[PDB]
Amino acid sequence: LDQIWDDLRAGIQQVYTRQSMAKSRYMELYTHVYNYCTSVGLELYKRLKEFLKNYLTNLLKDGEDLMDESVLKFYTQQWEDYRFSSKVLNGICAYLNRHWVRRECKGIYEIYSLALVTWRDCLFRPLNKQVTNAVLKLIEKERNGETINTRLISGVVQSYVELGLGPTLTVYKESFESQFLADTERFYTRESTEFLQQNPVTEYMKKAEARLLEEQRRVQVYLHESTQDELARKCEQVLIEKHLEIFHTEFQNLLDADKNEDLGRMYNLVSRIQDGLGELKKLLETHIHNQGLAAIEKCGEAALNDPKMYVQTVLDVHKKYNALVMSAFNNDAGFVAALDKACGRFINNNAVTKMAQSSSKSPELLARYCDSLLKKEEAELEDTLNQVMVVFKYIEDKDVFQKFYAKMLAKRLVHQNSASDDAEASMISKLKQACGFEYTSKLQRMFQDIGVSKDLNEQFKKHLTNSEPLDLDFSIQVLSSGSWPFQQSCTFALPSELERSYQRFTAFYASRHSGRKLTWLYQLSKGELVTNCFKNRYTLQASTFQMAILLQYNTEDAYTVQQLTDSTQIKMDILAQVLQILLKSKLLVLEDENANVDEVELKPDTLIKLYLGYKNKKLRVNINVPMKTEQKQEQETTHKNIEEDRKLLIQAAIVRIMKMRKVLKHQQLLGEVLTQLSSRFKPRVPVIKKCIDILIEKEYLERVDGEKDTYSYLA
């Protein structure tokens, strides 16, 4: 019992210094525990327990006064050793572990657990209030840029973990982690509030990103996995979210000034706080919105009559913040939403719509712009075209865009300044997809006729070859009255030099289509005139009307405004406007010389005389140009027209709806009406009411007696 306790202790002591052992000697000690056990299983124990307590206690003297990277170098170098030595002791003490108690009935032995336990009674000595501080100081060092030996920290923590009763973390937390994080909260709390007071936010953002990253390796490399998602939470907590109103106010400037790579960063940073990315979206919507209203504001009046300016301004706005939402805000749907909402808001209600007193001005402009683009290069057009379809998406009064687009496309197919039939087609393809089909088809019918009219002409061209030619080069366009916006008009005495082309064709068309009949549109038909009476002789493009007049100057030379309004039988209200062009052009002069003609009160009395001589330096002058008020008159008119169709469209809906419900309640119906009409426009409620009314008068609906605000369909 003591005959062994001595040599066994000899070995124990050798095993605890680090003197290599002999395979035989390891076993000798094993043997001693074997015999001491297979003879007391608490005597050998306590004696081992003593040897340990009276080993560590002594060791402590070697560090009691060590203090910085030294208790660290000390405590760790001592731990690594004590561990292995005990692993070996635990090895010899097999029989003390196993018979003397319970086995076979996990890396927990008691003899080793006996070693761990006594040492933690070495941990309370230096560590708790020291070896831990030395660590926090060293970590602080590395955080201030000081390259450090991380193994002085690893060793410590790994110890703590194991000195627990991997799963047990009390000691770790209680004697280190808790203080670690606390120190971290303050360290970063202090670094941030000081950097911000001394640096531009764009720079604090760069740093915070960095620190966060640094603190990552600072756990993966020398801390326990346990403290991972907490050091992270805490760091973001102090590095990112107590600085959100600072981040917020700056979010602005980072937009007020197009410095958008930082926006990406702020994004990636707030993208770390729960719901933190919310207020960013709000601020953006508001921003891009005001940003849009401003753009338009600064275009003043021009914008009101410059479609390119207008559409290009909106386009510029959107195109900026889109590619901005793509990179910077990682194409986040939540953000795409802000942009959309903002664009939808300003595109429909802005400075132009305001002064025009109607949101419908935007859609018309968009439509006009399209027209400009399709009149007489590729990348821009197909793209520009494509951008147009983007804007459209946001327009709410879409029927308006549609009416104008057709109204203007039509004035094109006929007369002039249409680009390649390609863009034209390509733009149809684009509408086929956004716009409906009833719409797309309506347009198709227009193209059909033009083609049909084309072939029709090639027929007549022959009919003339096959007989008596005409006194001029004639061509016509027969358009189905129903499919075109055109309206015949201004009464008109047709000059003689044409009458042959007229009858000659009329007869022909009548021979081609028996059941049909033609109604000629002079306000929309032109021709080429030749001048064999001036210094130089030229060909001038001229509206029929203009020709109807000029041709009169083939007899006398002056004609009172009345002498004309009588002859050509072309209307004064309008006949006057034409003359003004003819004057400003310079083929007519009133009487006097000074030309304040641009703004005169040409009364019936006033004379209009042919001017002989001088003329355009060129040989082909196009005297046919828009009467000024002409456009403003067509515009206001097509709107007026849209006002009508709207009510008619509304009722159509009211009906088919009440026709497939037999009874509905006021609201019920209004909701329906909207749902359908939504893709085209937003029927003002008072109007659907004034509509449901007229249907009651037209006897398509009747109120449900014994139930006001409920309607029944009257078959």
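Numbering starts at 1 and follows the sequence shown.
- Count the deposited residues lacking coordinates between residue 39 and residue 40 and you get 10 or more of them.
- The modelled chain is continuous from residue 490 to residue 491, since every residue of the deposited sequence in that stretch has coordinates.
- When the two stretches 688-696 and 9-17 are set side by side, the higher mean Cα temperature factor goes to 9-17.
- When 304-312 is weighed against 573-581, 573-581 comes out higher, by mean CA B-factor as recorded in the entry.
- The top Cα temperature factor in the record, among 397, 473, 183, 177, falls on 473.
- Listed residues 455, 80, 162, 421 were ranked by CA B-factor as deposited; 421 comes out on top.
- Among all modelled residues in this chain, the alpha-carbon of residue 369 has a temperature factor (C-alpha) in the lowest third.
- Sort the chain's modelled residues by C-alpha temperature factor and residue 55 lands in the highest third, per the entry.
- Per the deposited record, the Cα B-factor of residue 95 falls in the middle third when ranked against the other modelled residues of its chain.
- The deposited CA B-factor of residue 70 belongs to the highest third of values across its chain.
- Among the modelled residues of its chain, residue 46 has a C-alpha B-factor that falls in the highest third, as given in the PDB entry.
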